[PDB]
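Index from 1, following the sequence.
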Amino acid sequence: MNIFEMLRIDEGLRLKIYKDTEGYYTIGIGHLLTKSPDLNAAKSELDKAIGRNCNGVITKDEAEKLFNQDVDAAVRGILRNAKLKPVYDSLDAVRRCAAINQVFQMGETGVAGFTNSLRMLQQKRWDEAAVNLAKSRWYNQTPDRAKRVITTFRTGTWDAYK
Ligand SMILES: CCOc1ccccc1O
């Protein structure tokens, strides 16, 4: 297991524009196109992202290209974030994957509501961290996925991803 395989499990792979769990137009491996309810705006974003007229459809290679960009951008974002970087840098590699996964899903803004969880993670109070993480819209809206990511934070193993 690694961050790619982990996020591939969590996000799936769809080659046509679809709506994510929040109802937002998305494609590939959880590549968010737009929060606009306007399908044409999503199609425009898609074309801009791929560099061709896609007509709402991409190939596996294109999906994986966006995915690489998105994962890298998530990591680079964490590193530029004065609140996230020290916590991220305190973690071992497996727990860092949980961190990237969470940021990938909810964005840096999405995190940030997680001040108390971040402090517990930096403290390596893993069970307490895991309890705090589950007290969230995140967990309640996507529990099966959040459970996996939380188990990864709690254990620093890939047990939840088999
Ligand atoms: C609670 C979210 O966990 C993290 C997210 C981003 C960077 C480091 C973290 O521990």
Side-chain angles (χ1 to χ4, degrees), residues 1-33 35 49-50 58-81 83-162:
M1 193 62 50
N2 58 55
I3 188 52
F4 292 88
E5 298 183 3
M6 183 203 198
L7 276 162
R8 168 68 179 75
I9 286 161
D10 284 340
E11 294 294 352
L13 169 62
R14 301 188 65 181
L15 299 185
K16 299 172 184 197
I17 295 171
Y18 68 97
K19 285 182 186 182
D20 68 9
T21 66
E22 293 297 333
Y24 298 140
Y25 294 115
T26 298
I27 200 159
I29 307 163
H31 179 80
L32 174 70
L33 287 165
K35 295 188 182 172
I50 299 296
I58 64 173
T59 67
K60 189 170 180 273
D61 288 4
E62 293 172 331
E64 291 170 343
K65 181 168 200 175
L66 294 182
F67 184 38
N68 283 329
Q69 292 174 169
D70 287 353
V71 177
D72 182 66
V75 174
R76 291 305 290 287
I78 285 159
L79 301 178
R80 269 185 278 98
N81 188 305
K83 299 181 201 312
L84 306 180
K85 183 183 196 309
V87 188
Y88 181 85
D89 277 353
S90 77
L91 295 173
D92 58 276
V94 177
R95 287 183 177 95
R96 275 170 192 177
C97 290
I100 296 161
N101 190 309
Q102 191 170 357
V103 166
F104 187 100
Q105 190 184 351
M106 75 181 62
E108 281 167 52
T109 303
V111 179
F114 287 72
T115 304
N116 302 322
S117 288
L118 291 166
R119 180 191 61 254
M120 297 173 195
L121 290 168
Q122 194 172 359
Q123 290 174 316
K124 306 201 180 287
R125 297 177 182 197
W126 303 129
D127 280 24
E128 288 162 88
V131 166
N132 188 264
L133 284 162
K135 297 173 178 176
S136 60
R137 180 191 187 268
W138 174 53
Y139 180 85
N140 283 103
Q141 296 307 129
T142 54
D144 288 336
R145 188 206 180 139
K147 277 188 181 74
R148 284 193 295 273
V149 172
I150 292 171
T151 287
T152 315
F153 277 125
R154 202 180 55 247
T155 65
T157 75
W158 288 114
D159 288 358
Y161 290 89
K162 161 200 90 292

Nearest heavy-atom contact between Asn140 and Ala134 is OD1-O, 4.4 Å

Smallest heavy-atom separation, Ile3 atom then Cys97 atom, equals CD1-O, 3.4 Å

Please tell me if the side chains of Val94 and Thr157 come closer than 4.5 Å, counting only heavy atoms from C-beta onward.
no

Verify, without hydrogens or angle tests, whether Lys124 (side chain) and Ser90 (backbone) share a donor-acceptor contact under 3.5 angstrom.
yes

Should we count NZ of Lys65 as having more than 12 external heavy atoms under 6.0 Å?
no

Separation between CZ of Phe67 and CG of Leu7, rounded to the nearest 0.5 Å:
4.5 Å

Measuring from atom NE2 of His31 to atom CD of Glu11, what distance do you get when rounded to the nearest 0.5 angstrom?
12.0 Å

Should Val75 and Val103 count as side-chain neighbours, where that means a heavy-atom distance under 4.5 Å?
no

CD1 on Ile9 to CD1 on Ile29, rounded to 0.5 Å:
11.5 Å

Counting distance only, does the side-chain N/O of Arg96 pair as donor-acceptor with the main-chain N or O of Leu91 below 3.5 Å?
yes

Taking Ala112's backbone N and O only, do any of them form a donor-acceptor pair with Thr115's side chain (distance below 3.5 Å, no angle check)?
yes

Quick one, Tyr25 and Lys19 - any side-chain contact, counting heavy atoms below 4.5 Å?
yes

Separation between CG of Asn101 and CD1 of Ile150, rounded to the nearest 0.5 Å
11.0 Å

Under a plain distance cut-off of 3.5 Å, with no hydrogens placed, do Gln102 and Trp138 share a side-chain donor-acceptor pair?
no

Whether the side chain of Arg14 engages the backbone of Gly28 through a donor-acceptor N/O pair (distance < 3.5 Å, no angle test) should be reported.
no

For a quick check under 3.5 Å, do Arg119 and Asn116 share a side-chain donor-acceptor pair by atom type?
yes

Between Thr151 and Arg154: side-chain donor-acceptor atoms closer than 3.5 Å
yes

Take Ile78 and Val87 through the side-chain contact (heavy atoms from CB on, under 4.5 Å) test and state the conclusion after the steps.
CA-CA 9 Å; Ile78 285 159; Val87 188; over 6 Å; no

With side chains defined as the heavy atoms from C-beta onward, is the minimum distance between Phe104 and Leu32 less than 4.5 Å?
no

Would you call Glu5 and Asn2 a side-chain contact if the rule is heavy atoms closer than 4.5 Å?
yes

Has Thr26 got a side-chain atom pairing as donor or acceptor with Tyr24's backbone, closer than 3.5 angstrom?
yes

With a 4.5 Å heavy-atom cut-off, do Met6 and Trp158 have their side chains touching?
yes

Does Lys60, at its NZ atom, have more than 12 non-hydrogen atoms belonging to other residues, nucleotides or ligands within less than 6.0 Å?
no

Side chains of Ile58 and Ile17, heavy atoms from C-beta outward: is any pair under 4.5 Å?
no

So do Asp10 and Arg148 actually touch side chain to side chain, heavy atoms under 4.5 Å?
yes

